[PDB]
Amino acid sequence: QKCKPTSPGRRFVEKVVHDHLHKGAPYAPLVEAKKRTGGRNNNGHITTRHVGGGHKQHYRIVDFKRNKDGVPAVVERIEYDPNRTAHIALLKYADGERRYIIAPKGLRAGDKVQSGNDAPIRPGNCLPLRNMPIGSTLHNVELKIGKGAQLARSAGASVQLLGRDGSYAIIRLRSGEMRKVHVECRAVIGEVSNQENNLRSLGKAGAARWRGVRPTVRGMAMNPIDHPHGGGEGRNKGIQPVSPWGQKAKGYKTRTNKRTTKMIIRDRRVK
RNA sequence: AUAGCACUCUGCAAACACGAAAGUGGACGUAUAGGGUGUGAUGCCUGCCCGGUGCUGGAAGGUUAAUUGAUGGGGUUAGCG
């Protein structure tokens, strides 16, 4: 869906339209306040540039652990979440408890989900990797027993279960990495919803300002005191590209962790 | 500056930033995400060069630090003259 060019700022706007989303307010008992930061830490200094402004948002409490084992639940509705790119699903359990989960692709109001060792193989069901079938497509992959889902949670994301060896399952991630995960950790059947999210076109600078991104100033445009790229009469680069703090930006690798190297079977390649 | 484009880094106790540390931002986010760099709607497009500098990946040959202390050369004196 592309907007008509009735004004110059509308010529290149492309939105994604899902008519099945809930139109009303979110579920109040599962919503809490959240303040803006401006990219500043407790010293008051800017630690992440280009952050500030944007629309006011509430936080939605999403159940990532899925520890309500054995109790079936029905989907009430699919909701828009301002905190993430994925849609969320409101669940009503057989005992009347309500929770939010990351909505898998295809899930609608009326579908049935559950979690545990003996949960049936359906999208949105949460099971241990030791019980997942080989070759299946999963999302919301847990890394520490009991911590909850951490991997493959963004819109349209999924991982592939390749095999099980010892106490570890082998998974392929969207980045191309092949990784080991302890078989006691849980995952969710299916892929994340809103997979058309990357087809949107903002169309104007105000659309990014609404999302809270402040403008980026190139190092080429500064003075020598501000940036290694600054200075010169006219336009000239004359230097291998670096960050404002002097770290090379073209191909130089920055990973330093040595504690978790054993879990990486095969790197995505040019890391 | 900008929407759009591209390269590259980052598997989460993420990279990156602040700080002496504790800790904090990134983010109560998880590669359709986050940082850095360049270009600047859109249309048609974007040729040749890896010798130099850099980056990435190999090789185990040559060179090299602390550490180690085999040998050789002196000082001194019991004794012998």
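Each chain gets a letter, A, B and so on, in the order the sequences are listed, and its residues count up from 1.
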Open item on the list: For A/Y168 and A/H182, I'd like to know if the aromatic rings sit close, meaning centre-to-centre distance below 6.0 Å.
Closed with: yes

Task: 5' precedence on RNA chain B between A/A149 and A/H229 (nearest-nucleotide basis) - done: A/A149

- [ ] Specify the residue among A/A86 and A/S201 whose closest nucleotide of RNA chain B lies further upstream toward the 5′ end.
- [x] A/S201

Which of these nucleotides, [options], is closest to any side-chain atom of [X]?
X      : options             : answer
A/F64  : B/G11, B/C18, B/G29 : B/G29
A/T37  : B/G26, B/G11, B/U32 : B/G26
A/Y59  : B/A31, B/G29, B/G36 : B/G29
A/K237 : B/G11, B/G54, B/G38 : B/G38
A/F12  : B/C12, B/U42, B/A15 : B/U42
A/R153 : B/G29, B/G11, B/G57 : B/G29
A/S154 : B/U30, B/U10, B/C18 : B/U30
A/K144 : B/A41, B/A13, B/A17 : B/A13
A/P244 : B/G26, B/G36, B/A13 : B/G36
A/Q150 : B/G25, B/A13, B/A33 : B/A13

When the [atom1] atoms of [M] and [N] are compared, how many Å lie between them, rounded to an integer?
N     : M     : atom1 : result
B/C16 : B/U67 : P     : 34 Å
B/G35 : B/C12 : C1'   : 14 Å
B/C48 : B/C5  : P     : 25 Å
B/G36 : B/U2  : P     : 12 Å
B/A78 : B/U64 : P     : 47 Å
B/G51 : B/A1  : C1'   : 40 Å
B/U30 : B/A13 : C1'   : 14 Å
B/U10 : B/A15 : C1'   : 4 Å

Polar side chain donor-acceptor pair, [X] to [Y], under 3.5 angstrom:
X      : Y      : answer
A/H18  : A/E196 : yes
A/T254 : A/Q247 : no
A/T260 : A/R179 : no
A/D69  : A/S115 : yes
A/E79  : A/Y100 : yes

Task: Over 12 non-hydrogen atoms of neighbours within 6.0 angstrom of NZ in A/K65 - done: no

Would you call the sugar of [N] north or south from its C1'-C2'-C3'-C4' torsion?
N     : result
B/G69 : south
B/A13 : south
B/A6  : north
B/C12 : south
B/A27 : south

Could you give the [atom1]-to-[atom2] distance, from [X] to [N], as a whole number of Å?
X      : N     : atom1 : atom2 : answer
A/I171 : B/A31 : CD1   : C1'   : 13 Å
A/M222 : B/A1  : CE    : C1'   : 12 Å
A/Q195 : B/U32 : CD    : P     : 12 Å
A/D267 : B/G58 : CG    : P     : 11 Å
A/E177 : B/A33 : CD    : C1'   : 15 Å
A/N41  : B/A22 : CG    : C1'   : 13 Å
A/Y100 : B/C28 : OH    : P     : 18 Å
A/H50  : B/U2  : NE2   : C1'   : 13 Å

Open item on the list: Checking A/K253 against A/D267 for the salt bridge (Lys or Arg N to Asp or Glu O under 4.0 Å) test, could you report, in this order, the C-alpha distance in whole Å, the side-chain angles of both residues, the deciding distance, and whether it holds?
Closed with: CA-CA 13 Å; A/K253 299 188 176 183; A/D267 170 66; 5.1 Å; no

Can you tell whether [N] is stacked with [M], judging only by whether their six-membered base rings have centres under 5.5 Å apart and planes under 30 degrees?
N     : M     : value
B/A41 : B/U42 : yes
B/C18 : B/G19 : yes
B/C49 : B/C50 : no

Task: Pairs satisfying salt bridge (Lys or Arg N to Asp or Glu O under 4.0 Å), at least one member in residues 28-54 of chain A, at least two apart - done: none

Task: Atom pair SG/NZ of A/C126 and A/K68 - distance to nearest 0.5 Å - done: 14.0 Å

With a non-hydrogen cut-off below 4.0 angstrom, is [X] in contact with a base, only sugar-phosphate, or nothing?
X      : answer
A/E32  : base
A/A157 : sugar-phosphate
A/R255 : sugar-phosphate
A/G203 : sugar-phosphate
A/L173 : base
A/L199 : nothing
A/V192 : nothing

- [ ] Answer yes or no as to whether B/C9 has its base stacked against A/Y252, where stacking requires a ring-centre separation under 5.5 angstrom and planes under 30 degrees apart.
- [x] no

Task: Nearest non-hydrogen partners of A/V192 and A/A86, listed with the distance - done: CG1-CB, 3.6 Å

Open item on the list: Does B/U37 have its OP1 or OP2 closer than 4.0 Å to a side-chain nitrogen or oxygen of A/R49?
Closed with: yes

Open item on the list: Using a 3.5 Å limit for the pairing distances, which stems of at least 3 consecutive Watson-Crick or G-U wobble pairs does RNA chain B take part in?
Closed with: B:4-9 with B:34-39, B:16-18 with B:23-25

- [ ] Could you tell me whether A/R153 sits above the aromatic face of A/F64, with NZ or CZ closer than 6.0 angstrom to the six-membered ring centre and within 45 degrees of the axis?
- [x] yes

